[PDB]
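Take a look at the structure set out below.
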Ligand SMILES: [Ca+2]
Ligand SMILES: [Ca+2]
Ligand SMILES: [Mn+2]
Ligand SMILES: [Mn+2]
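Have a look at this one:
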C-alpha cells in the first residue's frame with residue numbers, strides 16, 4: 014500500500030541553510046528559563062500562548078508577530094507572551110493537515126518546502142525576540158526546529174501515546190499535555206508523570222537517520238485543560254481536581270487553561286468570557302499559571318478553498334482579532350496585579 | 014534532555030541476516046487474502062487472533078506455536094487461526110515496555126537485539142505455516158518485520174493518533190483499530206475511515222533513513238471492540254451500534270471482538286464467558302467476523318522480577334492455558350457450523 018517513497022532533506026541541511034542566530038539563541042535560552050519558573054510557581058506572572066490556530070501564511074505571521082512584540086513591553090512585568098506557531102490541524106478523518114504537510118495549500122504535499130519555511134519562520138520570530146510555541150507531532154519533524162521552541166504541546170489526540178510521552182521526555186522545551194478529547198484529565202496527568210522519567214526509544218537524528226535515544230526526562234511538563242465531550246473544564250472545580258490529581262502523582266507543576274477549542278466550544282467570541290472566569294481565579298490562587306488564546310489579524314475563519322483568501326484570517330479554527338487580544342492581555346495583567354501581595 | 018544517541022541497525026541488515034523464506038512468503042500471501050475476505054464478509058469462517066499477551070520468551074513462543082499449528086487442521090474449515098505475536102505492553106506511566114525495548118528483561122534496553130529476535134521469531138513462526146499478528150507501534154519498527162505480518166492492530170491508546178492512521182494506510186496487512194480506552198467506538202470508526210485514504214506522511218526506509226511516504230490507503234481496516242471505562246462492549250447491542258456507525262462512514266468491513274482486556278475486565282477466567290455470548294451472536298448474524306483471545310502454556314500471570322520465572326506463563330496480562338484455548342476453538346467452530354446454511 015505504498016505508492017512512492019519520496020526524498021526528505023535531513024534537518025542537518027536546513028540547519029546549515031537556516032542557522033540558529035544569536036538573538037534567537039538568547040531569546041530561547043532566556044524565555045525557557047522564564048516559562049519553567051512560571052510552570053513551577055517560582056514566578057507569579059502568567060504565561061500566555063497566543064496566536065493563530067495554525068500558520069498558513071508566513072508573511073501574515075510576521076505582521077502578526079510585529080504587533081504582538083509591540084505589546085510585550087506593556088505587559089512583561091505581569092505576563093510572559095509566547096507566540097503560537099502551529100503547523101498542523103487535527104482532522105476527524107481527512108482534510109488539509111497543515112503548513113508542513115502542504116504549504117502551498119493545493120495537495121502538492123511539498124513537505125520539504127513546508128519544513129524549510131516552518132524553520133525559517135521560527136528563525137525570524139525568535140530573531141525578533143519573540144518566544145515561540147508549537148505542537149510536537151512525531152519523531153521526525155522536531156529535529157528541524159526544536160531548538161527554536163520555548164514551549165511545546167502534546168495534543169489531546171496523542172496524550173495517551175507512548176512515543177509522545179517518550180519524545181517529550183527528551184525535548185528541552187517545557188511541554189504541556191492536553192487532556193483527552195473526551196475530557197479525561199487523568200491521562201494528561203499520567204502523561205506528565207511518564208515524561209519526567211528517562212526513556213529509551215526510537216527516534217531520528219539531524220542527519221536523517223534512525224537511532225535509539227536515551228532521554229533524561231522532562232521536569233517542566235504540565236497539564237493543559239481544553240474541554241472535551243465531558244464539557245468545558247476551565248472552572249475552579251476542575252482546576253482543584255486537576256491539582257489534586259497532580260499531587261497524587263507527586264507532580265508540583267501548575268495548570269494551563271486553553272480558552273479556545275473545547276472550552277470556548279469552538280466559538281471564538283466565548284474565549285474572552287472563559288478568560289474572565291480564569292482571571293477571577295488567578296486573583297485568588299496561584300494554581301493557574303497560563304492560558305492559550307487563538308488570535309489573528311482578522312476575526313473568525315474561512316474555507317481553505319476560497320479564491321482569493323482573506324489576508325490575515327484563519328483558514329482553520331475561528332480566532333479573535335488583535336484588538337480583542339489586547340483587551341484579553343489587559344484583563345490578564347490586571348488579574349496578576351491583584352494576585353500580588 | 015538527551016543523555017545519548019545510540020546506534021540502531023537498519024532493517025536492511027536484519028532482512029539480509031534473516032531473509033523472507035519461501036514458506037513464510039506463501040503463508041503471508043495466502044493468509045492475508047484469507048483474512049481480507051473474512052473482514053469483508055466474503056468468507057463466513059471466523060478469524061481468531063490467539064496467543065500470549067506479550068512475548069518475553071521466544072523459545073516458549075515456538076513451543077506454543079507448535080501446539081497451535083497442531084489444532085489448525087482440526088478447525089480450518091470453520092476458523093482462521095492467526096497467532097498473536099506482540100512485542101509491547103501498554104503502561105499507565107512506567108514499566109517494562111516489552112521484548113523489543115528490553116529483550117533481556119533487565120533494563121539493558123538492547124533494542125537492536127530485540128528487533129533481531131522479534132524478526133527471527135516471526136520468520137520461524139510463518140515458516141512453520143502459522144500466520145502472525147502484532148501491534149504496529151510507530152514509524153520505525155514496522156520496517157523490520159511488516160512483510161511477515163498477516164494482520165496488525167492499532168492499539169486503544171493510539172486510535173486517535175494521526176500518524177497511526179497514516180501508517181495503517183500504507184501497510185499491506187489487514188489492520189484492526191481498537192476502540193478508545195474510555196470505550197468510544199466512533200473514534201475507531203473514524204480511524205478505519207481515515208486509513209482507507211491515500212496519505213503523504215513522514216516515515217522511515219529499510220536503509221534507516223527518513224523519507225516522505227505516499228500511501229494508497231488500506232481497504233482492509235476494521236474495528237476491534239475491547240471494552241473500556243464505558244464498560245464491556247461485546248454484546249449484540251454494542252455490535253449493532255458499531256455496524257450502524259460503520260455504515261454511516263460507508264465502511265462495509267465487519268467487527269472483531271477482543272475477549273480479553275476491557276471486555277473480560279482483565280480476568281482471564283471471564284474470556285470464555287465473553288466468548289459464549291459472541292458465539293451465540295455468530296450463530297444468527299454475520300456481523301462479527303473475528304475474536305481475540307489471550308492464551309499461553311500456563312494459565313494466569315507473574316511478576317517480571319520473579320527469579321526464577323515460571324516457564325510458559327505470562328509476564329504481563331493474565332492468559333488462559335492451551336487446554337482452555339482448545340475448548341474456545343471448539344465453541345467457535347460450532348458457532349460457525351450453526352451459522353451456515
Ligand atoms: Ca515529593
Ligand atoms: Ca457505498
Ligand atoms: Mn485550533
Ligand atoms: Mn494484553
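Chains as they are written, first to last, in PDB author numbering: chain A, 14 to 354; chain A', 14 to 354. A prime marks a further copy of an entry chain. Don't be surprised by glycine CBs; every beta carbon is placed ideally from N, CA and C.
| field | residue 217 (chain A') - DSSP class collapsed to helix/strand/coil | value | strand
| query | In this structure, does DSSP put residue 107 (chain A') in helix, strand or coil? | reply | coil
| field | C-beta neighbour in chain A for residue 72 (chain A'), strict 8 Å | value | no
| task | Quick one: residues in its chain with C-beta nearer than 8 Å to the C-beta of residue 110 (chain A), no 5 flanking neighbours on either side, listed in chain order? | result | 101, 102, 104
| query | Under the criterion of a Cβ to heavy atom distance below 7 Å, does residue 307 (chain A') qualify as lining ligand 4? | reply | yes
| Where DSSP assigns a beta bridge to residue 97 (chain A), which residues make up the other side? | A:146
| task | With DSSP collapsed to three states, give me the class of residue 16 (chain A). | result | strand
| request: Starting from the N-terminal end, write out each residue whose C-beta falls within a distance shorter than 5 Å of any non-hydrogen atom of ligand 4. | output: A':66, A':330
| task | Check the Cβ of residue 170 (chain A') against every Cβ in chain A and list those closer than 8 Å, keeping chain order. | result | 173, 174, 175
| query | What residues in the region 129-145 of chain A bring their beta carbon closer than 9 Å to a beta carbon of chain A'? | reply | none
| query | Is the shortest distance between the beta-carbon of residue 62 (chain A') and the beta-carbons of chain A less than 8 Å? | reply | no
| task | Have a look at residue 352 (chain A) and residue 301 (chain A) and give me their C-alpha separation to the nearest angstrom. | result | 11 Å
| Should residue 9 (chain A) be listed as close to ligand 3, given that the test is whether its C-beta is under 7 Å from any heavy atom? | Nothing in the structure corresponds to residue 9 (chain A), since chain A is present only between 14 and 354.
| So, helix, strand or coil for residue 127 (chain A'), using DSSP? | helix
| task | Determine the chain A residues that contact residue 296 (chain A') at a beta-carbon separation under 7 Å, and present them in chain order. | result | Those do not exist, as residue 296 (chain A') stays about 34 Å from chain A at its closest Cβ, beyond 7 Å.
| Which word fits residue 75 (chain A), buried or exposed, when buried means at least 16 other C-beta atoms lie within 10 angstroms of its C-beta? | exposed
| query | Is there at least one Cβ from chain A nearer than 8 Å to residue 20 (chain A')'s Cβ? | reply | yes
| If you draw a straight line from the alpha carbon of residue 174 (chain A) to that of residue 99 (chain A'), how long is it in whole angstroms? | 17 Å
| task | Measure the C-alpha to C-alpha separation of residue 198 (chain A') and residue 290 (chain A') and round it to an integer number of angstroms. | result | 19 Å
| Reference residue 311 (chain A); option with closest CA among A:151, A:303, A:332 | A:332
| query | On the premise that residue 231 (chain A) lies in contact with residue 188 (chain A), defined as a C-beta separation below 8 Å, what is that separation, rounded to the nearest angstrom? | reply | 6 Å
| query | Taking just the CA atoms, how far does residue 49 (chain A) sit from residue 207 (chain A)? | reply | 18 Å
| query | Within the 8 Å Cβ cut-off, does residue 228 (chain A) reach chain A'? | reply | yes
| task | Grab the span of the beta strand (DSSP E) containing residue 286 (chain A') for me, first residue to last. | result | First-last for residue 286 (chain A'): 284-297, but that is the alpha helix (DSSP H), not the beta strand (DSSP E).
| query | Is the beta carbon of residue 263 (chain A') within less than 7 Å of some heavy atom of ligand 2? | reply | yes
| query | On the three-state DSSP scale, how would you describe residue 67 (chain A')? | reply | coil
| Is any beta-carbon of chain A found at less than 8 Å from that of residue 329 (chain A')? | no
| field | Cα-Cα separation, residue 318 (chain A') to residue 147 (chain A') | value | 25 Å
| said: Can you confirm whether residue 211 (chain A), when its beta carbon is compared against all beta carbons of chain A', has any partner nearer than 8 Å? | reply: yes
| query | Who are the neighbours of residue 206 (chain A') on chain A, taking C-beta pairs under 7 Å? | reply | 106
| Counted within 10 angstroms of its Cβ, other Cβ atoms place residue 119 (chain A') as buried (16 or more) or exposed | exposed
| Inter-residue spacing [alpha-carbon to alpha-carbon] between residue 321 (chain A) and residue 315 (chain A) | 11 Å
| request: Flag this pair as touching only if the region 34-46 of chain A and the region 255-264 of chain A' have three or more C-beta atom pairs under 8 Å; answer yes or no. | output: no
| request: Kindly indicate the opening and closing residues of the beta strand (DSSP E) around residue 173 (chain A'). | output: It is not in any beta strand (DSSP E) - residue 173 (chain A') carries neither H nor E in the DSSP assignment.
| query | How many angstroms separate the CA atom of residue 191 (chain A) from the CA atom of residue 234 (chain A)? | reply | 11 Å
| task | Examine chain A for any beta-carbon lying closer than 8 Å to the beta-carbon of residue 12 (chain A'), and answer yes or no. | result | For chain A', the structure presents residues 14 to 354; residue 12 (chain A') sits outside this window and is missing.
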